[PDB]
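*Asks:* Provided herewith is a single structure, encoded as structure tokens, for subsequent inquiry.
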Amino acid sequence: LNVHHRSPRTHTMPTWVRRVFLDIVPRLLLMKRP
Amino acid sequence: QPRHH
């Protein structure tokens with residue numbers, strides 16, 4: 001829940017989080033973004 | 001704080 005409610009005005013997303021959780025894990029769990 | 005804007 002804490003992660004779900006973050007925004008640019010309060011938090012910054014590290015590049016490694018973006019990489020992992022938007023490419024690697026989603027592809028490994030058989031869920032693909034639009 | 002980001003404070004981007």
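Just remember, in the structure tokens the first chain shown is A, the second B, etc., residues are 1-based per chain, and ligands are 1-based in the order shown.
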When you look at residue 5 (chain B) with a cut-off of 12 Å (counting only C-alpha atoms), what residues show up, excluding the ones that are within fewer than 6 positions of it in the same chain? I need them as a count of residues only.
*Replies:* 3
*Asks:* Counting only C-alpha atoms, which residue out of A:34, A:19, A:12, A:3 sits closest to residue 2 (chain B)?
*Replies:*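 Looking at the shortest contact to residue 2 (chain B), the residue is A:12.
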